[PDB]
Structure formats: structure tokens, C-alpha cells
Number of protein chains: 4
Amino acid sequence: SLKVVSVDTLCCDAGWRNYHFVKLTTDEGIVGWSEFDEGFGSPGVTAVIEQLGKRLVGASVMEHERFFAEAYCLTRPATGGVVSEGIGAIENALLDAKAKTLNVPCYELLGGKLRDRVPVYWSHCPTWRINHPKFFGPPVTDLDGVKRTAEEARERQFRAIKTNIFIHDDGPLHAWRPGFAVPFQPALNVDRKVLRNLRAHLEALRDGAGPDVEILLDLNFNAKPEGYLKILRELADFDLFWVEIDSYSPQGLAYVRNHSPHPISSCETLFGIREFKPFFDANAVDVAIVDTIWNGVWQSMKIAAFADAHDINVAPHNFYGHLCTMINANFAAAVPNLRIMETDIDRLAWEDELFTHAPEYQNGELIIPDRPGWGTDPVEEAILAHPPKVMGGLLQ
Amino acid sequence: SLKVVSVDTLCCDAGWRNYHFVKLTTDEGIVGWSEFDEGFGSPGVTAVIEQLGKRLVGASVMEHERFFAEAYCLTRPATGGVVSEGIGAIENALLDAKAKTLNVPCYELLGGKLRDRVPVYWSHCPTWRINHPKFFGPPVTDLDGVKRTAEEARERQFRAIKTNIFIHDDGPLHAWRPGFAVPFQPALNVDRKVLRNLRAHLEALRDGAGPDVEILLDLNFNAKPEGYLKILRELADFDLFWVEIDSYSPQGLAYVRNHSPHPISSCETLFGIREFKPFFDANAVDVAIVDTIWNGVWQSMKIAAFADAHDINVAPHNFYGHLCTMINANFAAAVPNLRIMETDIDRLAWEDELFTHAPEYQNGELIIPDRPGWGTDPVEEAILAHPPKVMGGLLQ
Amino acid sequence: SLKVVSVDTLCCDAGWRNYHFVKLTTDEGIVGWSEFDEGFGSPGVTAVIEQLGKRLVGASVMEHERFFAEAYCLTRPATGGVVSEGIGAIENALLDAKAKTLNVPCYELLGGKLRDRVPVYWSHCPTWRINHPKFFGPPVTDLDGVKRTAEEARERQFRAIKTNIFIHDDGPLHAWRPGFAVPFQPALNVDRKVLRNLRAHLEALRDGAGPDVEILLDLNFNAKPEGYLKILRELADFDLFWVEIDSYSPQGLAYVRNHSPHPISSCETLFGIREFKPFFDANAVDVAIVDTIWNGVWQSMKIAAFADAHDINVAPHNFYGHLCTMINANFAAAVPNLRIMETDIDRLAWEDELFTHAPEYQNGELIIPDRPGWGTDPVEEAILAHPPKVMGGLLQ
Amino acid sequence: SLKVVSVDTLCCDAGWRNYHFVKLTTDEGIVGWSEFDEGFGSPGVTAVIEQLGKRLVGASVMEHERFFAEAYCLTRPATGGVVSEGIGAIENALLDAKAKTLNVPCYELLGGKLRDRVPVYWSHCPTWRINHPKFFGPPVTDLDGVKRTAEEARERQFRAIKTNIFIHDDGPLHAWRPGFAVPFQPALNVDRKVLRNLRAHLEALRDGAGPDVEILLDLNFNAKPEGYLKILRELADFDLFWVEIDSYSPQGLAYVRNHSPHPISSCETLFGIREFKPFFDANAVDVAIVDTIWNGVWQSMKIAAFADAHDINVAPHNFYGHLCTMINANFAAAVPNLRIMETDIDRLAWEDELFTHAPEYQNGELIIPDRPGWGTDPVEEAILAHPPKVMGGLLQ
Ligand SMILES: O=C(O)CCC(=O)C(=O)O
Ligand SMILES: O=C(O)CCC(=O)C(=O)O
Ligand SMILES: O=C(O)CCC(=O)C(=O)O
Ligand SMILES: O=C(O)CCC(=O)C(=O)O
Ligand SMILES: [Cl-]
Ligand SMILES: [Cl-]
Ligand SMILES: [Cl-]
Ligand SMILES: [Cl-]
Ligand SMILES: [Mg+2]
Ligand SMILES: [Mg+2]
Ligand SMILES: [Mg+2]
Ligand SMILES: [Mg+2]
Ligand code: NA
Ligand code: NA
Ligand code: NA
Ligand code: NA
């Protein structure tokens, strides 16, 4: 039969955070996988999955939108956030199982592909080498290190890189992440120190990148509109591919964008057409970042179509492990209005051990694979060789 | 010292669902409690609390808004829903501990009281006796039972009662709850059967209530705007205190209200000024229902003040156990713009065993107690005598 | 008992204006104080307090929100302005009495503190030394004096300074304050003379400040939107922390801000969420200035929470005596979305005599005290040694 | 010369409140008078007048708009409310002095008259006979009394009457005025008791009035939008000339009006074009009530012209003593877009002693007098024979 027989979760060490997975088995013996995350502000996702998965056993693996509709009803009062993350993780495992059942890549469930390769940017560059030097080397500890990381991206034929906010002139080099309580300064004011450091950092990065490579800047939730505006004015004369700003104020974000000489991206934390709508209504973004790992890829197709009707291009949010990358690859393959794809090129020394296939890059683009399902499977034996730690990420 | 030494969660049987509690201990030996819930669409709250509580140990019990601000930063990407429920549960335990530390009732942290007693409505009447007859009697299984429950409310001096949607003429009497997948009909269409049953039910309830007692109707998430409008037209000639409609469409809800001859209430599932704002901007409600158990009472004071500036009165969402009632009582005591308070008068046979003090009612009003903290404590030994079941509620 | 036994007002000389105080005594012997003001356009506040205080005697000191709600009802037709100032003065005295009664600093009634120290700006710098040289020295009478005052701020480790509008090249140095009828030119036109003087002044101030110290500009009510726009264009190339503009035209202010290359602050004269709302709806401000002396600190917490939902940071309005500073300190301690705190560093030669404790500053920040109540008490005997003059301020 | 030599205030007993007056003397010996009020939520007006009058002595009596413009500058931060009431009282005294100086009625300063007589309604009917029976008889203590008062209005050829909210069936007959804390129920909820009493009262009043006499209903600030809507639905089948609702929520009031089968009036407490604007923008009113005693008659001409551009007719707020009536008469004489004029026909036994001329009525209309100034003067000797009491009105 085509019934779901079991829904399990697994977890392994990813250094400063854990990777999580859904493993869904059908009565046919087919296994569908997804990857999900709890460290990005998201304790409880596993608990959600364990409850919702109980309801799924006995149901048809083919009927993923039936499951979504039921799940949404059962959790309607507390929808969004970690509830919706659990639903999306399950959806993505179901899609893998269905694609494998029909012997096709996941993009064949999503309209077929319309491109073979997707341009990417090398994300968290040099962010990972500064913030998590024990896991990603060579460690970056100064402005010259910032420049050399940018030089490395260019030599490796990457077309674009994305950095964050760093303080260079107050002792050791460190991230400025007050939006996430590092440091705890909940007003999120932007002072002169923050501004001249941003400038110094980007000048060094541009130095290393050369004039052709594109530079993206992510400001996450690290200011209020006032401060975002001050940052953009400070950086008026830089050539930025986009400036990324997360906000739960469509009005505020729209105001910032209206006064921005750079393209503005946002929305990576949002769920469903519903949450995206007020941002589009407000003219708040140039580019909509869609987290398909969180939303589920099927729900994300609905969001991409909505953006398309507004002539807004989308970019997948992709900063986890290889299976997340392959999930997003299949989304990217199928979406016409695709801005670019995010990927972390810095890898854990054991990343490849955890998965059956690695993403393949060529001339700054990700090759879309053509194997049944997402294109890679977690390896149970390697997962068990890398036991998880207590929650990390934002909660470290 | 005034440091938090431990944050624990406890759980017990409440029949068709469980009760959950936060137990927070200070270095002084003071214990603050809250009650929270997972059955109302909300798996994962305990997992959230267990992570966030780790960060709280070692911090000052007095600084509850510091904790909130930090927590909000740490979980910013997945805020709302079950994350915000965990934060609110912790907030409410912290408020209890601080009030006990200063030897005052919680309402003294909230501006002082401005009323001694609060009028209530008897909620889920006869809903609990129909849907959970094994726990609340006498069982209601027909229209005459509906009438007699209403007669009982009047004789007991209750001024108002709230019912839901029931089917009387299709075999046994049963709830109509498609919004929550009982039955699974995800379009949420409202047919003729639903309409004439609603009518039959309310006529019987009005019969028993007499002309003075107020009747509230809760439609929860059980239709789309189209269907809510059909329901209201059908019930144009009924005298309803309010019709309660939950919606994630401010535009849609506003439309319904604009065509409603009855006062409309909503918002019980919403978090923070932020989520309430689009509803108020749209003129969507007569009354804002605030879930202070979910939001935390301190955050709910901010929401009540926002409603007050719009000349909107608020009503606490209160359909759990005695500690929830006492938490809401303290909110109700302090808020000027208070519509009425919800309370479930049907009680579990062991409800009183679980808590040190029961809410006291007189002439259809809840008496606001004047003991340190919320006014009641869960009893650990009784909690352990009532071990929990697997998750129930919407997930049963 | 905890009943209020008396509500008195006191007044003393503050040079070019008077200080006023509310003294509230409980049956326990506890005395709560506030400071208020009449010179800033506000004759009648004392008369309001004397009527409203009569109603308060016999009521519980703990129930400050009950008092507010009653007061608001009794004065509803003429709410705002000097009526609301009287209510706010009484509220602040009640908060002091309640905090002292519970043996805690006032910030413990406001959510607990979330910071130990608050960055400040040195306000009316060099405004006080130019306009009131008989009370604050060394007198500033030219551009070199302007520069040296700025140099002094830097040497004293202040991070920011705020100036106003001055005419340098038309005889003696003097303030331009047509908004307040000095001079009487009620059109409030901005001519070339005003523009080049503003420029000359700020260039000198920047000269003295160095490149790190922040410069704020307050334009008060001294133009119409047309003129504010001309001023901002003239000053397009200056690095200003904010430009402060008071306006009773949200539409007009929003227009100015939309065309401003500097952050815009306003709202210091506004009362309640109600009056702030149209400004936030219009996108009129970067920063909301809140007068907690006028509003009352409890009402101001509601306003700060409203601003927070709009991702707007707030700044207390603080330009009176030490008790006002300490009141605002407690507000600043408790509010997450705090931009910065205003303070007048120039002091009267007898300022310290009037109060039991002086505000303490270190490395450009105000230290939040931890004594019961606001942190300082007016001294009755010193108040009587400094008898008041006839009303001054704007009415001088 | 034409200089102002003195500005004085006087006060006398008006039973349950005091009357206040401004007395302005010119160097020519001409005396201009106005009447003002403090009991209607407005402590401090006298204090405002005493400060502002000091600035006026020495200035030209002819230049009333110069005075206003200066005053507005001097009090700009706390404008509105009791400050603006003081300015308006002074304006009205200045207008009297100028009209007397030029030997004309005040309406000749206001565009000339365009009508000789103004239709009125008999206001506070039977409100004054119920609430202040010691001053206005015959006392009304039941529904038959309500009917007979209405019969008396008809026999006396009054075309319209205005009543308020009364409770008939809960012991003695009493006013329902929770908006003004009588009783203190700050939520301002409207229950079934309030609704059926309103109905009983109006039915009795209609009984006595007959079918031709118009009935106005004033609900003041006694509900929230929810409750106003419930009241209007309850009274859907009554023929009401208007329903008067005071609100500081233009959005809320507009909503109520949009669902009202009766004309809605409001605005009696508002100051200047500025405060009226959001109500007109929102479509909130059929009729704008203008308080010219509060605003000043010259400022009120600006407000009437603004209403006229919106095709909104205005009605003066007039519920004080004879001089207030005569001030409003002159306004009413000059304004094209005049709905009707309010007047209290119930008089104090000493009302006529206080003034040189009484308003004259004929066939339900007020005759506009043609004497220099407003048309009546307070009598100093009679004022002193009626010494004031402590503040009454809302503050009683
Ligand atoms: O930078 C982070 O904290 C991770 C998420 C993110 O913002 C991104 O990948 O664009
Ligand atoms: O009826 C339910 O499902 C419970 C929650 C609710 O809607 C209420 O208590 O008002
Ligand atoms: O400058 C003034 O007139 C005093 C009030 C003010 O605007 C401020 O302190 O910011
Ligand atoms: O009824 C009152 O309290 C007096 C003022 C009023 O509303 C009116 O005269 O229309
Ligand atoms: Cl901060
Ligand atoms: Cl369906
Ligand atoms: Cl001018
Ligand atoms: Cl109430
Ligand atoms: Mg990002
Ligand atoms: Mg409900
Ligand atoms: Mg200012
Ligand atoms: Mg009225
Ligand atoms: Na989110
Ligand atoms: Na929700
Ligand atoms: Na103001
Ligand atoms: Na008013």
C-alpha cells in the first residue's frame, strides 16, 4: 500500500548547532527525508512533529495537501512559528517520499524544472569564519582576513557574497547581533561605532572581491527603522546587490525601502501568503526571501506565485546542511521568478559524511540534480556517529 | 538573594485534556506559579519553557520585563504561537513570585485594583455537557437538555451564557467544529443544516434563559466570511450579547462586522499589540478577547491599553483550570476597559483537589481575592495523584 | 491604613522659572513626591491638582490607576493640556508613595529594570548659557563661546549635546523663538538670516565637539512645514543625531520627515496613546519624545509600549530639576525601546540644596539609583528658603 | 485711548455650579464682558485668564486676533482644554468691548446678521428637573413627570426638546452618567437595564411631546462605540432629531454613525479647525456642535466656515447663564449653516437678577437683540449678593 507507516525524527551535531531530520517510511519501504532546524529561535519543533506525525501514520503518502489542511485545522489557534515549522518539515518529507514513489526528482512534483543550474551567493562570508572559527577556517580575525576571504570567493568563481555586521576596533573582531541579544541592548540603537565599522568591513570586502563580484549585506533584526535608515545613508555610495532587513513592521520596512538607494530584501521568517501580504501591500521589498524549510516547499510554491503576481523575485533561505540545500535546489529549479540562491560554502569537516550526495557547483552555479526525491539522503550511521549537543544557535 | 534558582513544569489530567504549570523558585524560597495549555492547538510549549527557563536561572526574579526582552530577542525569528505561549507562561510565574516576594496580590503590580468583583459569563454552556459528558454532567443530549442548562444558569444568578455550534437533527447531538477538523471539511462551508440547527439550539437556550440573561455565541474558526455573514443574517432577529469569530483576515472580519446587527468579538488567539493592530485599524471588532495565559499578564496590560485608546473594551480568554481563572481575575481587577470575564462554571470532579483556593462567585460575579500572588496555588501532591494522558484538546 | 491623608503643592524659585511639587502623605506616614511645571505654556496646573487632590484624600494609595480612571472621567470634556498635567503630577506622587510603601525603587513598579545606566545627552547646550546667563555660566555671547561649550561637553565625556536656534550677526547673541512669541512673528517664516545663523552656530559647535560627539538640533514650534523643509535642506550636509520638530500637524510633520536626511523626533507635548497615534499612523517620526512628567510615568509606559509595536524608540522629555530627572531615570530604566535620555547638565547654584540626592553621571551615562521611590526627595526647608517668583518660563 | 486697562474675573452661585465672568475695561471706560465655566471638567480656567490678562493690559482693545495669536504662542505646548478656554473667555470679552466701542451688536463684527430669530431646543428637558430639583421645578421623579415636562414644552410652543439617560426602575429616578464617574463604572458598558430604561423614558417623553415636537437624545461620553451601537439598534424605531455622542475616536464615532438610522451630532468639547478635522475627514457627524464659550466666537466663525465647506450645519453649545445665551445668539445670527440653537429654558430663581437683560423667546425662537455688545451685562452688585460655592458641576 501507499500508507505512511512511521514518522521519526533524528538529530546530529553541526558544531555550534544541531541538524534535525524527519524520516518518513511508507508501507512500500520508501523513505522520505527532510531537514529542519531548532537553533534559529525555534525550540519545540521536534515536539510538534512528534504529535502531528502520530496523526499521519495510516494516511496516504500521496495526499500531502490533505495532511497540511488537517494539520492546519488541528493547530489553527497557534499557527505560525514553530507549529508551522513542524508542518513544513513533515510536508518536505512527504514530498520526498511521493517523488521517490513515482521515481522522479522533487522538481517534477513542482511544475517540472525550468532551469538546470541556479546562480548562488556564498552566504555568511566571512561571517562563519569570524563567529564559528572552531568549525570553519581559516579563522578571520581582522580586516586583512576579511579582504582575503573576499579574494577567495572571486578566485573560486562565486558571483556574489553576503556578510553581516562586525566590530573591528573594540578588541577582538566580533559580530554585532543585538536583535538576537548578542549583546543585550534591546533598543537596537545604531551608534557611530557601528556605522564606521560597517564601512571599514565593506571597504575591505570590496577590496578583496574586486569590482565584478556582488556584495550582499544582511542586517537581520539588528536595528529599528531609524537605525536601518542611518545605516543605508552611511552606505549610500556602496554598490550593494541587496540589503537584507527583517522586520515585523511592514509600514516601517516600506519607509526604509522608500529611502534606500539599494535593493531591499526581507521576509525569511514569514509563513504563508498571509504573512507576506502586508509587506507586498506596503511596497516594502525588492526581493522576498522565502524559507521553504520552514514553510514546506509546496506552501512555498504558493508564496512564490503570489510574489510573481507582484513582479517580485524570490530567494530561498538556505543556511543549514546539504539536504536543506537540495530541498531549496528543487524549489529554485521550478520557480520562474527566482532572484538567486543562498548557500553556505564554508562546510563542517563532517558535512559530507552525513549525506549520500554533496551539492555540486560549477562556475558559480548550483547544478540541479536529477535523482529521485530531493537529491540526497541523510546517512543514519553517520548521524549516530555525530551525537547532538544541547540546543545551540540563537539559544547558545 | 532574589535570584531565580529553578524553573520547572508539571502536568496533570484534566479529563479530555491536560493542565500544565510552571513552578519557579527563588533563592528566598518563594514559589511562583502559572498555568498554561498545549491542547488548544499548541504542542511544544513545554519544550519552549524548558529551554527558556535555563536562561532565567541566576537572574533576578524582580526583572520580568528584562526576561521578556531577552526571550523575545532569542526567539525573534519564530515569535508568536507556541514560542510566545512559553514566554507568557514564564512571565506569569515570575509575576506570582514577585508579588509574593513583595507580599501583595498580583493586581498590585498591575496598577492596583479598580474593582472588587467582575461580572462573568458561564462559558461553554451547554458545550461542555454535550461534548465532554464523561467529565461534566448532567449530560446534554437534546434540545430539552439545552433549555434546562439555560434554566440552571438563570436560577444560579448568572447574567450571561456562551454556547457554540451543534447539530441536533442528524442522529446524536454533536458539535460542529470543522475549523478544528471535527469533521474534516476544510472549506468550512455553512449549509442549510448548520443554519437551522443553530437557530433551533438558540431558541431552546433562550427559552431556558428567560429574557434577561444574555446569550453569547462563539463560532470560533468554523466558517469563511461568506458563511459568517450567512449565519448572522439567519440570526438577525436574535438578541445576542456578542458573536465571537476568530479570523486571520482583518479585512474579512471587518466586512462581516460591518454587516452584523450584533456586536462582534475576536482576537483570542492573537499575540501582542502588533497582531491586534490590523484588526483595530480595520474596525473589525466591538470587543477584543485577550488571552493573558498565552500572552502573559504584563504583555496583556499593554494590549488592553492599546484597545482602550481605540475605545474598545476587552475580555480575558479563560477556559482552563482555577489558576488560569485567578490569573485572569487579577487582570480583570486592574483593567478599566473590561467588557466582562469568561469562566467555565462546569468543573471537573477533582478540580478543587488540585488547587489551594477555589474562585468564589456571588450574584453572577467573581470576587477578586486579596492573597499574595494570583490567589491560588497548584497542589503538587494532588497533581501527582492525577497523572496526565497523552495530549488531548484539539489533538484528541 | 494605606489611605491618602493629604495632597499638597509646593513651589520654589528656579531663576527664570519656578519648580512645583506634589507632596502626598499616607496614613502610614509615607510621603510621595512629584515635580511638575507651569512655565512651559501651562498656567493652571496647580489649580487642577488642588481640585483633584481633594477627591483623592480617603482613597487607597495603592490604587493609582483607579484614581487616574476617575480623574479622567471627572475632567473628560477638557482632557489634555494642563488638566492632564495635573493628573500626571498626582500619578507620579502616588507612584513614589506606593514604591516607598513596598520599600522598592519606582522602576520595580514598572516591570523591573532592564539597564543599570542610561546614556544621556546634555540638553540646552549652549542654550541655557546664552538665554539665562544670570543663572548658568560661563555666559555664552558669541561663536567662540559656542565652540568652547561644545569642547567642555567632550572633555566631560558627554556623548551628545542639543542646541536650539540663535542669531549671531544682529547685535548681541539671542534665541530665535517665534513659536513662543520671542519675537512676535506669528507666521513663523524662516528667512535667509535664520538659515545662515543656524549654519554658523552648528559649524562652531561641531568645531568644539569633535567628530565623535553627537549633535542634536531642536527647532521646537519655530516654523511651518515649509520652513522646516528649508532648514533641513540648508543642513543637508551636517551630521545630526536628530532634528526635533514639534507640530500639531501629523500630515505636515510626515511630509517634512519624508524629505529629511536626518532622523526626526517630536511628540514632547502630546498626551496618551490617543495623541501619539496620528503621528505614528502618518510615519511622522524616527523618535517619539515622551513627557512622563506631564503624562505620568504609568501612562507613559502605555505610550512606550505603543511606540515599541511600531519599532519606534522613545526619549523622555527632561528639562526641569533633579526630581524630574530621577522620575525619568526610573522610566528609562524600565523601557526596552529607549533611544537616549535628555538631561540639563547646567545647574542652578542652589539645585543641590533643594533635593536630598543629586543624579550621578559616569562616562556620559546616568546611574539609575536603587533607593525606595524615585531616588530623591525635595527638601521642605530649602524650598522655603527659595521663595517663588511670579510665573516665568514662556510666560516671562 | 483704546488700550485695555484691566482684566478681571468674577464668580457667583449658580446652585449646583458657579458662573464665571471676565470683565475687561478700556481706557475709554468701556466694559466688555464674557461668561465662562469651570464645572464642566475644567478646573484652572480662572488661573489661565489671570496670567494671560496680565499680558493684555496696555494692548489695543481693537486687536483681538493679535491677542489670540500671541496667547496661542505663549501657551502652545499645552494648548487645548482649559488653556484654550481661558483664551476663548478673554476673546469674548474683547469682542464685547470692541462692539460697544463701535456702538454695534456683536453680530456686526461677525459678518452682520443674516437672521432676526433662531429656532431653539429646550435642552436638559427633563434632565434639570430630575438631577437638580432643588434649583429647577417642578421636580421630576417618575415617568408621568417625564411626560408632563414634555407636555409643558409643547404648550409653550417649543419645537424641540433634549433629554439624557435615566434609570426609572431601580429605586428613585436618577441619571446614568458613567462617562463622568456617576456611577464609577469606567468600562462604560451598556446593559439591558440601561436599554429598557432609555426606551421607557423616550416613550413617555414622546407621549407628552405629541407627534410634532422634535426629540433630541444626548448620550455624552457614556458608552464605547459598542454600546452606542446597541443603544441606536434598541432605538431604531424612534423618531429622533439627533443622537448626540461625544468621542475622542473619530474612527469609532464614524463607525457608529455609519450604522445609525438617526442623525448624529458631536464635537461640543473640541477646539479649533484642527480638532474638528479628523471627525469631518472620517464622516463622523451629521451636525457639529461648537462651543463658542470655550473656543471664543471669532475662532468659532472659522470652525463654522470649515463645517460649511463640508456641508455640515453647526449648533452652539449653550447650557450656562444668560450672557452665554446672548453670546451664542450673536454667533447664531451670523452663521449661515446653523442647525438650531441650544438653550436651557429651566432657570434659576435668581438668574434674571444677575443680568441687565433676559433672552426673549417667541413662538419657539430666540429673538436676536440689537443692543451694543452681546446684548446683556452681568450686574456686579447682584453677583456679590450670590457668592460662589466650591467648584461644582462634574467636580461635585
Ligand atoms: O545570519 C543569521 O543569523 C542566519 C539567517 C540569515 O539571516 C540568512 O541566512 O540570511
Ligand atoms: O471553544 C473552544 O474550542 C475553546 C476556546 C474558545 O473559543 C473560548 O473559550 O471562547
Ligand atoms: O527648548 C525649550 O523651550 C524647552 C523644551 C524642549 O523643547 C526640550 O527640552 O527638548
Ligand atoms: O449634559 C451635560 O452634562 C452638559 C453638556 C451637554 O452635553 C449639552 O449641553 O449638550
Ligand atoms: Cl538598549
Ligand atoms: Cl470541504
Ligand atoms: Cl509674522
Ligand atoms: Cl466598569
Ligand atoms: Mg537573512
Ligand atoms: Mg472563543
Ligand atoms: Mg524639544
Ligand atoms: Mg451634549
Ligand atoms: Na516569524
Ligand atoms: Na494565532
Ligand atoms: Na499639546
Ligand atoms: Na476636549
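Deposited coordinates in this entry are attributed by the record to X-ray crystallography, at a stated resolution of 1.8600 Å.

Under the PDB entry, chain A has the name putative L-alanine-DL-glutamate epimerase and belongs to Burkholderia xenovorans LB400. Here the PDB entry's recorded title is "Crystal structure of putative L-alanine-DL-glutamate epimerase from Burkholderia xenovorans strain LB400 bound to magnesium and alpha-ketoglutarate". Annotation of chain A in UniProt includes, under Sequence similarities (unreviewed entry), the sentence "Belongs to the mandelate racemase/muconate lactonizing enzyme family."

How would you explain the relation of the copies chain B and chain A if you had to name every residue and give the values?
Overlaying chain B with chain A gives an RMSD of 0.0 Å, the required rotation being 180 degrees about an axis along which the chain moves by 0.0 Å. Expressed as a symmetry operation, the mapping of one chain copy onto the other fits a two-fold axis. Relative to the rotation axis, the closest C-alpha in chain B is found at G44 of chain B, a distance of 2.2 Å. Most of the interface of chain B is mirrored in chain A, where 100% of its interface residues again form contacts.

Give a detailed account of the relation of the copies chain B and chain D, specifying residues and quantitative values.
When chain B is fitted onto chain D, the two copies agree to an RMSD of 0.0 Å after a turn of 90 degrees and an axial shift of 0.0 Å. Classification of the inter-copy transformation places it as that of a four-fold axis. Mapped onto chain D, only 4% of the interface residues of chain B are again interface residues, and the two copies thus contact each other with different surfaces.

If you had to explain the site of ligand 2 to someone new, which residues and values would you point to?
Residues and elements named next belong to chain B. Of all residues adjacent to ligand 2, which total 13 residues, the nearest are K162, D218, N220, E268 and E342. At 2.7 Å, a side-chain N or O of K162 approaches an oxygen atom of ligand 2. Contacts to ligand 2 include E268, whose side-chain N or O atom sits 2.8 Å from an oxygen atom. Look at ligand 2: alone it shows 290 Å² of surface, and the protein chains cover 97% of it. For the shell around ligand 2, the residue count by class is 3 nonpolar, 4 polar and 6 charged.

Residue-level account of the coordination of the sodium ion (ligand 15), with values.
Looking at the metal site, the sodium ion (ligand 15) is ligated by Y248 of chain C (OH), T269 of chain C (O) and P77 of chain D (O), spaced 2.7 to 2.9 Å from it. Of the two residues, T269 of chain C sits in the loop between β10 (264-266) and α9 (272-281) while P77 of chain D sits in the loop between α2 (64-74) and α3 (81-101), which places them in two different chains.

Quick rundown of the UniProt feature "binding site: Mg(2+) 2" (unreviewed entry) in chain A? Include the residues and the values.
Residue and element names in this part refer to chain A. UniProt tags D218, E244 and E268 as "binding site: Mg(2+) 2" (unreviewed entry). A maximum C-alpha distance of 11.4 Å among these annotated residues, which run over 51 residues, shows that they cluster at one spot. Tracing the chain through its elements places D218 in strand β8 (residues 214-218). The class of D218 is buried, set by a relative accessible area of 4%. Within the fold, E244 resides in strand β9 (residues 242-244). Apart from the residues within four sequence positions on either side, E244 is in contact with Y121, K162, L217, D218, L219, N220, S265, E268 and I289.

Just give me the short version of the pattern of salt bridges, but keep the residues and values in it.
If you walk through the whole model with that rule in mind, you get 110 salt bridges over all chains. The salt bridge partner of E244 of chain A is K162 of chain A, with a shortest N-O separation of 2.8 Å. Remark: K162 of chain A occurs in strand β5 (residues 160-163) and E244 of chain A occurs in strand β9; sequence separation between them is 82 residues. By the burial criterion, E244 of chain A is buried, and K162 of chain A matches it. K113 of chain D is the partner of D116 of chain D in a salt bridge, and the nearest nitrogen-oxygen pair spans 2.6 Å. Three or more residues joined by partner-sharing salt bridges are found here, namely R55, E63, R66 and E70 of chain B together with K113 and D116 of chain C.

Explain the interface of chain B and chain A residue by residue, including any values.
By convention, interface size is frequently given as the accessible area that disappears when the constituent parts associate. Across the boundary between the two partners, chain B contributes 42 residues, which contact 42 residues of chain A. Of the roughly 3400 Å² buried at the junction of chain B and chain A (both faces included), carbon and sulfur atoms supply 67%. On the chain B side of the contact with chain A, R76, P77 and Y248 of chain B bury the most area, a combined 20% of that side's loss. Where chain B packs against chain A, one counts 8 residue pairs in polar contact. The set of elements that each furnish at least two residues to the side of chain B that touches chain A consists of α1 (45-56), α2 (64-74) and α3 (81-101) of chain B. For the side of chain B that touches chain A, the element with the highest residue contribution is α2 of chain B, accounting for 6 residues.

I'd like to hear about the site of ligand 1, residue by residue, with values.
Residue and element names in this part refer to chain A. Contacts to ligand 1 come from 13 residues, most closely from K162, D218, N220, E268 and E342. Between ligand 1 and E268, the relevant distance is 2.8 Å, taken from an oxygen atom to a side-chain nitrogen or oxygen of the residue. In this structure, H317 approaches ligand 1 through a side-chain N or O atom, which is 3.2 Å from an oxygen atom. Notes on ligand 1: free accessible area 290 Å², of which the protein chains cover 97%. Looking at side-chain class alone, the shell around ligand 1 contains 3 nonpolar, 4 polar and 6 charged residues.

Tell me about the sheet that holds strand β1 (residues 4-13) of chain A, residues and numbers included.
Residue and element names in this part refer to chain A. In spatial order, the strands read β1-β2-β3; together these 3 strands make up an open sheet with antiparallel pairing. Edge positions in the sheet fall to β1 and β3 (31-36), since each of these pairs with one other strand and no more. Across the sheet, the axes of successive neighbouring strands diverge by a mean angle of 20 degrees, strand direction being ignored. Contacts between helix α1 (residues 45-56) and the sheet are confined to β1, β2 (18-26) and β3, with β1 contributing the most and set at about 165 degrees to the helix.

Describe the coordination of the magnesium ion (ligand 11), with residues and values.
In an ideal tetrahedron of four donors about a metal, each angle is 109.5 degrees. In an ideal octahedron of six donors, the angles are 90 or 180 degrees. Residues and elements named next belong to chain C. Within the protein, the atoms that donate to the magnesium ion (ligand 11) are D218 (OD), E244 (OE) and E268 (OE), at distances of 2.1 to 2.2 Å. Going along the chain, you hit the donors of the magnesium ion (ligand 11) in the pattern D-x25-E-x23-E. With a gap of 50 residues between them, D218 in strand β8 (residues 214-218) and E268 in the loop between β10 and α9 connect regions that are remote in the sequence.

Parameters at a glance
- Residues numbered from 1 in each chain as written, not as in the entry; some residues may be left out.
- Chains lettered and ligands numbered in written order.
- Part of a larger assembly, values for the part shown.
- Heavy atoms only, no water.
- UniProt positions renumbered as here; feature names shortened; annotations may be inferred.
- Least-squares fit on C-alpha atoms.
- Contact = heavy atoms within 4.5 Å.
- Near = heavy atom within 4 Å.
- Polar contact = N/O pair within 3.5 Å; in protein donor to acceptor, adjacent residues only side chain to side chain.
- Areas by Shrake-Rupley, 256 points an atom, 1.4 Å probe, with all protein chains shown as cover.
- Nonpolar A, V, L, I, M, F, W, Y, C, P; charged D, E, K, R; others polar.
- Donors = N, O, S within 2.8 Å, 3.2 Å for Na, K, Ca; no water.
- Helix = DSSP H or I, 4+ residues; strand = E, 2+ residues; numbered from the N terminus.
- Buried < 20%, exposed > 50% of the residue type's maximum accessible area, 1.4 Å probe, protein only.
- Salt bridge = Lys/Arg side-chain N within 4 Å of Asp/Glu carboxyl O.
- Buried area = accessible area lost by both parts, 1.4 Å probe.
- Pairing = 2+ DSSP bridges.
- Axes fitted to C-alpha atoms, helices over the stretch in contact; angles between N-to-C directions.

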